[PDB]
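The next block is start00.cif, given as mmCIF, C-alpha atoms.
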```cif
data_query
#
loop_
_atom_site.label_atom_id
_atom_site.label_comp_id
_atom_site.auth_asym_id
_atom_site.auth_seq_id
_atom_site.Cartn_x
_atom_site.Cartn_y
_atom_site.Cartn_z
CA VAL A 5 -20.91 148.62 -107.89
CA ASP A 6 -22.92 145.56 -109.08
CA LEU A 7 -24.75 145.66 -105.76
CA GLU A 8 -28.26 144.35 -105.12
CA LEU A 9 -30.55 145.21 -102.25
CA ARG A 10 -32.78 142.27 -101.31
CA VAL A 11 -34.10 140.05 -98.49
CA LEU A 12 -31.69 137.57 -96.93
CA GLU A 13 -31.34 134.18 -98.57
CA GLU A 14 -30.12 130.83 -97.24
CA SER A 15 -27.00 130.90 -99.41
CA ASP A 16 -26.11 134.28 -97.86
CA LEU A 17 -25.87 132.96 -94.34
CA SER A 18 -22.14 132.36 -93.95
CA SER A 19 -21.11 135.57 -95.71
CA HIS A 20 -23.74 137.48 -93.73
CA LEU A 21 -22.25 136.20 -90.49
CA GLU A 22 -18.77 137.35 -91.50
CA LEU A 23 -20.22 140.78 -92.11
CA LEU A 24 -21.87 140.92 -88.70
CA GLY A 25 -18.46 140.08 -87.23
CA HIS A 26 -17.67 143.75 -87.79
CA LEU A 27 -20.40 144.56 -85.28
CA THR A 28 -20.03 142.00 -82.49
CA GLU A 29 -18.81 138.50 -81.63
CA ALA A 30 -19.58 136.25 -84.59
CA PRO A 31 -18.26 132.76 -83.79
CA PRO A 32 -18.59 130.14 -86.57
CA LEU A 33 -21.94 128.40 -87.01
CA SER A 34 -22.93 125.55 -89.32
CA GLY A 35 -25.24 126.11 -92.29
CA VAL A 36 -28.03 124.23 -90.54
CA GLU A 37 -27.62 126.27 -87.36
CA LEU A 38 -27.64 129.57 -89.24
CA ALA A 39 -30.71 128.45 -91.18
CA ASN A 40 -32.50 127.51 -87.96
CA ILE A 41 -31.71 130.93 -86.49
CA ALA A 42 -33.00 132.57 -89.66
CA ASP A 43 -36.24 130.62 -89.26
CA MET A 44 -36.49 131.62 -85.60
CA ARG A 45 -36.05 135.28 -86.55
CA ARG A 46 -38.60 135.03 -89.36
CA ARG A 47 -41.17 133.61 -86.95
CA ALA A 48 -40.59 136.65 -84.82
CA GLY A 49 -41.61 138.83 -87.77
CA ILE A 50 -38.07 140.02 -88.40
CA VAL A 51 -37.02 141.01 -91.90
CA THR A 52 -33.42 141.22 -92.96
CA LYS A 53 -32.37 143.24 -96.00
CA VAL A 54 -28.86 142.92 -97.41
CA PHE A 55 -26.60 144.45 -100.03
CA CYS A 56 -25.05 141.70 -102.11
CA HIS A 57 -22.20 141.91 -104.60
CA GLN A 58 -24.20 140.00 -107.19
CA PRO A 59 -21.26 138.66 -109.26
CA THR A 60 -19.69 136.89 -106.27
CA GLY A 61 -22.57 136.77 -103.78
CA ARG A 62 -20.53 138.51 -101.09
CA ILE A 63 -22.64 140.27 -98.46
CA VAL A 64 -21.42 143.82 -97.84
CA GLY A 65 -24.39 145.40 -96.05
CA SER A 66 -27.16 144.36 -93.68
CA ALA A 67 -30.03 145.82 -91.66
CA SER A 68 -32.90 144.12 -89.85
CA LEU A 69 -36.44 145.35 -89.22
CA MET A 70 -38.78 144.14 -86.49
CA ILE A 71 -42.40 145.32 -86.62
CA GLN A 72 -44.21 145.43 -83.28
CA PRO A 73 -48.01 145.74 -83.30
CA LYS A 74 -49.21 148.00 -80.47
CA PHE A 75 -52.41 148.45 -78.45
CA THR A 76 -51.62 152.17 -78.17
CA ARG A 77 -51.80 154.89 -80.85
CA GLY A 78 -54.99 153.29 -82.18
CA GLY A 79 -53.22 150.01 -82.88
CA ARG A 80 -50.46 151.41 -85.08
CA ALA A 81 -47.21 149.43 -85.10
CA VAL A 82 -43.64 150.40 -84.23
CA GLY A 83 -40.68 149.64 -86.50
CA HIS A 84 -37.52 148.48 -84.72
CA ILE A 85 -34.34 148.69 -86.78
CA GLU A 86 -31.34 146.73 -85.52
CA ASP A 87 -27.98 145.26 -86.49
CA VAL A 88 -27.15 147.87 -89.13
CA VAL A 89 -23.73 146.95 -90.51
CA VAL A 90 -21.79 147.90 -93.63
CA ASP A 91 -18.54 146.40 -94.90
CA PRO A 92 -15.62 148.72 -94.04
CA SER A 93 -14.64 149.03 -97.71
CA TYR A 94 -18.11 150.35 -98.58
CA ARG A 95 -18.37 153.01 -95.88
CA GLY A 96 -19.24 156.42 -97.30
CA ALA A 97 -20.77 154.70 -100.32
CA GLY A 98 -24.34 155.27 -99.16
CA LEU A 99 -25.24 151.66 -98.38
CA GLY A 100 -26.16 152.45 -94.77
CA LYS A 101 -28.54 155.21 -95.83
CA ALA A 102 -30.16 153.00 -98.46
CA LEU A 103 -30.73 150.18 -95.98
CA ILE A 104 -32.28 152.46 -93.36
CA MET A 105 -34.48 154.26 -95.89
CA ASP A 106 -35.66 150.92 -97.26
CA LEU A 107 -36.61 149.68 -93.79
CA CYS A 108 -38.37 152.95 -93.00
CA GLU A 109 -40.46 152.63 -96.16
CA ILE A 110 -41.41 149.06 -95.27
CA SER A 111 -42.41 150.27 -91.80
CA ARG A 112 -44.45 153.11 -93.28
CA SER A 113 -46.17 150.69 -95.67
CA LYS A 114 -47.23 148.53 -92.72
CA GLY A 115 -48.89 151.32 -90.75
CA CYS A 116 -46.04 152.05 -88.34
CA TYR A 117 -46.27 155.49 -86.75
CA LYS A 118 -42.58 155.58 -85.85
CA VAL A 119 -39.29 153.79 -86.43
CA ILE A 120 -36.83 153.42 -83.56
CA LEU A 121 -33.27 152.15 -83.23
CA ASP A 122 -30.33 152.36 -80.84
CA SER A 123 -27.20 154.26 -81.86
CA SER A 124 -23.69 154.68 -80.50
CA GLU A 125 -22.28 158.17 -79.98
CA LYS A 126 -20.26 157.81 -83.18
CA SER A 127 -23.30 157.04 -85.34
CA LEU A 128 -25.58 159.79 -83.99
CA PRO A 129 -24.79 162.27 -86.80
CA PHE A 130 -25.43 159.56 -89.41
CA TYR A 131 -28.95 158.90 -88.12
CA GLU A 132 -29.79 162.54 -87.41
CA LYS A 133 -28.94 163.38 -91.02
CA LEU A 134 -31.55 160.82 -92.05
CA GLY A 135 -34.15 162.66 -89.97
CA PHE A 136 -33.84 160.61 -86.79
CA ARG A 137 -33.85 162.43 -83.45
CA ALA A 138 -32.40 161.34 -80.11
CA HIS A 139 -35.20 160.45 -77.70
CA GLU A 140 -35.09 157.78 -74.99
CA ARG A 141 -32.11 155.98 -73.51
CA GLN A 142 -31.25 152.34 -73.92
CA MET A 143 -30.91 150.43 -70.65
CA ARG A 144 -28.98 147.16 -70.61
CA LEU A 145 -28.75 144.21 -68.30
CA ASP A 146 -26.40 141.26 -69.03
CA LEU A 147 -27.67 137.86 -67.88
CA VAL B 5 -52.35 142.14 -51.89
CA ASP B 6 -54.98 140.24 -53.90
CA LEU B 7 -52.68 140.65 -56.94
CA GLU B 8 -51.62 138.00 -59.36
CA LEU B 9 -48.79 138.05 -61.88
CA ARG B 10 -49.79 136.24 -65.07
CA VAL B 11 -49.88 136.31 -68.87
CA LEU B 12 -52.22 138.75 -70.61
CA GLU B 13 -55.51 137.19 -71.73
CA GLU B 14 -58.40 138.23 -73.97
CA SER B 15 -60.64 139.16 -71.03
CA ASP B 16 -57.97 141.65 -69.89
CA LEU B 17 -57.59 143.60 -73.13
CA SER B 18 -59.98 146.50 -72.43
CA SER B 19 -58.69 147.10 -68.90
CA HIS B 20 -55.16 146.69 -70.25
CA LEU B 21 -55.66 149.45 -72.83
CA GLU B 22 -56.85 151.77 -70.07
CA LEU B 23 -53.66 151.10 -68.12
CA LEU B 24 -51.49 151.79 -71.17
CA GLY B 25 -53.18 155.20 -71.26
CA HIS B 26 -50.80 156.14 -68.46
CA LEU B 27 -47.77 155.51 -70.61
CA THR B 28 -48.78 156.99 -73.94
CA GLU B 29 -51.58 157.96 -76.31
CA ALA B 30 -54.18 155.17 -76.14
CA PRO B 31 -57.41 156.12 -77.95
CA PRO B 32 -60.42 153.76 -77.62
CA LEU B 33 -60.49 150.45 -79.47
CA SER B 34 -63.30 147.92 -79.83
CA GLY B 35 -63.09 144.45 -78.31
CA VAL B 36 -62.74 143.04 -81.82
CA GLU B 37 -59.89 145.43 -82.65
CA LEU B 38 -58.12 144.68 -79.37
CA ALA B 39 -58.42 140.93 -79.92
CA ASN B 40 -56.90 141.19 -83.39
CA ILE B 41 -53.96 143.21 -82.09
CA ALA B 42 -53.36 140.71 -79.29
CA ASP B 43 -53.33 138.06 -82.01
CA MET B 44 -50.81 139.87 -84.12
CA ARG B 45 -48.60 140.35 -81.04
CA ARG B 46 -48.66 136.65 -80.15
CA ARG B 47 -47.78 135.92 -83.78
CA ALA B 48 -44.72 138.12 -83.30
CA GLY B 49 -43.76 135.98 -80.31
CA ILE B 50 -44.44 138.86 -77.93
CA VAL B 51 -45.20 137.88 -74.34
CA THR B 52 -47.11 140.26 -72.08
CA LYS B 53 -47.16 139.82 -68.31
CA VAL B 54 -49.66 141.74 -66.20
CA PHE B 55 -50.54 142.36 -62.58
CA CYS B 56 -54.24 141.81 -61.97
CA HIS B 57 -56.42 142.66 -58.99
CA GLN B 58 -58.10 139.24 -58.99
CA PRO B 59 -61.31 140.27 -57.19
CA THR B 60 -62.27 142.76 -59.91
CA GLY B 61 -59.87 141.72 -62.68
CA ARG B 62 -58.54 145.26 -62.99
CA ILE B 63 -55.17 145.40 -64.74
CA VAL B 64 -52.77 147.55 -62.72
CA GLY B 65 -49.40 146.58 -64.22
CA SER B 66 -47.95 145.44 -67.53
CA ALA B 67 -44.65 144.69 -69.24
CA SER B 68 -43.96 143.01 -72.59
CA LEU B 69 -41.07 140.85 -73.79
CA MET B 70 -39.82 140.23 -77.32
CA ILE B 71 -37.16 137.53 -77.63
CA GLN B 72 -35.08 137.98 -80.78
CA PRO B 73 -32.54 135.37 -81.91
CA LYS B 74 -29.33 136.71 -83.45
CA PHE B 75 -26.81 135.21 -85.87
CA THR B 76 -24.03 136.65 -83.72
CA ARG B 77 -22.74 135.33 -80.39
CA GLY B 78 -23.47 131.75 -81.46
CA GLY B 79 -27.18 132.40 -81.88
CA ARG B 80 -27.93 133.61 -78.36
CA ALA B 81 -31.07 135.76 -78.28
CA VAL B 82 -31.68 139.27 -76.99
CA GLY B 83 -34.58 140.04 -74.66
CA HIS B 84 -36.40 143.22 -75.64
CA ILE B 85 -38.58 144.64 -72.86
CA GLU B 86 -41.35 146.95 -74.06
CA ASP B 87 -44.16 149.06 -72.76
CA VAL B 88 -43.61 148.87 -68.99
CA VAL B 89 -46.46 150.60 -67.15
CA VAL B 90 -47.80 150.59 -63.60
CA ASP B 91 -51.03 152.15 -62.35
CA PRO B 92 -50.12 155.26 -60.33
CA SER B 93 -52.34 153.95 -57.53
CA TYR B 94 -49.86 151.09 -57.11
CA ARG B 95 -46.85 153.39 -57.07
CA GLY B 96 -45.90 151.94 -53.72
CA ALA B 97 -46.48 148.25 -54.39
CA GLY B 98 -43.22 147.51 -56.22
CA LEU B 99 -44.99 146.06 -59.27
CA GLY B 100 -42.42 147.54 -61.65
CA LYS B 101 -39.55 145.60 -60.10
CA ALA B 102 -41.59 142.39 -60.05
CA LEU B 103 -42.56 142.73 -63.71
CA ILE B 104 -39.02 143.48 -64.90
CA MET B 105 -37.46 140.67 -62.86
CA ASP B 106 -40.08 138.25 -64.20
CA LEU B 107 -39.26 139.15 -67.80
CA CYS B 108 -35.53 138.89 -67.09
CA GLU B 109 -36.02 135.37 -65.76
CA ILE B 110 -38.01 134.38 -68.85
CA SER B 111 -35.25 135.88 -71.00
CA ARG B 112 -32.68 133.86 -69.06
CA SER B 113 -34.67 130.67 -69.63
CA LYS B 114 -34.65 131.23 -73.39
CA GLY B 115 -30.86 131.59 -73.48
CA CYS B 116 -30.73 135.37 -73.79
CA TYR B 117 -27.31 136.87 -73.08
CA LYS B 118 -28.72 140.34 -72.44
CA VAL B 119 -31.95 142.24 -71.85
CA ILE B 120 -32.45 145.71 -73.30
CA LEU B 121 -35.13 148.39 -73.13
CA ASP B 122 -35.66 152.08 -73.84
CA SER B 123 -36.22 154.33 -70.84
CA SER B 124 -37.44 157.89 -70.51
CA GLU B 125 -35.36 160.24 -68.37
CA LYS B 126 -38.02 159.95 -65.68
CA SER B 127 -37.68 156.15 -65.49
CA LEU B 128 -33.93 156.09 -65.66
CA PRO B 129 -33.38 155.88 -61.88
CA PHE B 130 -35.88 153.02 -61.60
CA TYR B 131 -33.97 150.91 -64.12
CA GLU B 132 -30.50 151.74 -62.79
CA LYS B 133 -31.56 150.55 -59.33
CA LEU B 134 -32.68 147.24 -60.83
CA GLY B 135 -29.14 146.71 -62.12
CA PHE B 136 -29.63 148.05 -65.63
CA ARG B 137 -27.02 150.47 -66.92
CA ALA B 138 -27.32 153.33 -69.40
CA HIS B 139 -26.11 152.21 -72.81
CA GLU B 140 -26.75 153.43 -76.35
CA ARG B 141 -29.17 156.20 -77.33
CA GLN B 142 -32.58 155.61 -78.90
CA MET B 143 -33.02 157.37 -82.24
CA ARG B 144 -36.58 158.01 -83.39
CA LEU B 145 -38.16 158.84 -86.75
CA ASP B 146 -41.85 159.73 -86.92
CA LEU B 147 -43.64 158.41 -90.01
#
```

I'd like the structure from this file rewritten - as structure tokens, please.
Amino acid sequence: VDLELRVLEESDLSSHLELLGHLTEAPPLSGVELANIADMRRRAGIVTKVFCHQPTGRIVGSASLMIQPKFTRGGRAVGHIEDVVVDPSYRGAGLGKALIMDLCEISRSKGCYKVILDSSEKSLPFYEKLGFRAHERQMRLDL
Amino acid sequence: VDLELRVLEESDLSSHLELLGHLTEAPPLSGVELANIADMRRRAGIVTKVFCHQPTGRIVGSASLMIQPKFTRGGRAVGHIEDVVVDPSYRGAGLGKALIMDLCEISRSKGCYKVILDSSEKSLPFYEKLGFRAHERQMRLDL
């Protein structure tokens, strides 16, 4: 569908935010603010891969990967996948799977011994089909 | 108690690795290897707080914090708590609570709207008593 899978770019920022609005609260932010947040995230070693409708530049898929170096397991890192979102119109098109697989490969290439992510009840089957298995439980505290 | 709560430092690394042995697989690493990992972790913006028996410098408690900015919710960050471990000998000292609360305060200071972590079934009660609530499920893929 004229889709490209690539790292996030500055010009993507506004469209990317709209996309994320399908996941959680996504109040409007200025270009400068979004760019500053992107820089913050990059410093934290986060990578964001997106599916872009190349002809128009519209962002229709996103997934972020955070690699965490560890002292344990002989110093092998852990890949944290988060904020996996796909445009409603493209659900069942395989974008989600492609994003996850891509991030898993990146993790593997960087010495990670495992990739972890948090899933809702509804998404369990999706992740299990990709080889993921339910393990620990996410605990949350709101500040 | 003779204990002090402070940030992890290079002189702690070896004793720290020994402590982590109580949480998961932690094969031996050289001082050079440990130092490099600690470097990589700081580069990722990871903060590690430890309890230290000052007289001997033995590390008896540890908890790490990764603050990740998001594009959503107006750019408010999420506090990711990782690798919480307390020496069994201090099972009655309440170090776990102190460590978690400390990281939550740091998270608060950085504008985090929530703090999340992955808990084993065995640690569930500990976290729920601290005010954390069971949320989404952790999915894991071994590489």

Care to translate the PyMOL selection byres ((chain A) within 6 of (chain B)) into actual residues of this file, as a PyMOL selection string? chain A and resi 29-31+45+48-49+73+76-78+117-124+136-147

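Take the candidates B:66, B:52, B:58, B:113 and check each one against residue B:7 using only C-alpha atoms; the shortest distance goes to B:58.
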
Output the residue selection produced by the PyMOL selection byres ((chain A and resi 67) around 9) on the file above, formatted as a VMD selection string. chain A and resid 51 to 54 65 to 66 68 to 69 85 to 90 100 103 to 104 107

Can those selected residues be exported to a file as an mmCIF file, keeping the file's coordinate frame so that it contains C-alpha atoms?
```cif
data_model
loop_
_atom_site.group_PDB
_atom_site.id
_atom_site.type_symbol
_atom_site.label_atom_id
_atom_site.label_comp_id
_atom_site.auth_asym_id
_atom_site.auth_seq_id
_atom_site.Cartn_x
_atom_site.Cartn_y
_atom_site.Cartn_z
ATOM 1 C CA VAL A 51 -37.020 141.010 -91.900
ATOM 2 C CA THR A 52 -33.420 141.220 -92.960
ATOM 3 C CA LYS A 53 -32.370 143.240 -96.000
ATOM 4 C CA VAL A 54 -28.860 142.920 -97.410
ATOM 5 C CA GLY A 65 -24.390 145.400 -96.050
ATOM 6 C CA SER A 66 -27.160 144.360 -93.680
ATOM 7 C CA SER A 68 -32.900 144.120 -89.850
ATOM 8 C CA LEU A 69 -36.440 145.350 -89.220
ATOM 9 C CA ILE A 85 -34.340 148.690 -86.780
ATOM 10 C CA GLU A 86 -31.340 146.730 -85.520
ATOM 11 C CA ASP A 87 -27.980 145.260 -86.490
ATOM 12 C CA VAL A 88 -27.150 147.870 -89.130
ATOM 13 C CA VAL A 89 -23.730 146.950 -90.510
ATOM 14 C CA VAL A 90 -21.790 147.900 -93.630
ATOM 15 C CA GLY A 100 -26.160 152.450 -94.770
ATOM 16 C CA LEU A 103 -30.730 150.180 -95.980
ATOM 17 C CA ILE A 104 -32.280 152.460 -93.360
ATOM 18 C CA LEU A 107 -36.610 149.680 -93.790
#
```

From atom CA of residue B:99 to atom CA of residue B:15 the spacing works out at 20.8 Å

Please report the interatomic distance between atom CA of residue A:98 and atom CA of residue A:62 in Å with one decimal. 17.3 Å

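If you look at atom CA of residue B:133 and atom CA of residue B:12, they are 26.3 Å away from each other.
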
Do you know which residues lie at most 6 Å from (-23.3, 138.3, -102.9), with coordinates as in the file and all atoms listed in the file counted, and could you write them as a list in words? residues 56, 57, 58, 60, 61, 62 and 63 of chain A
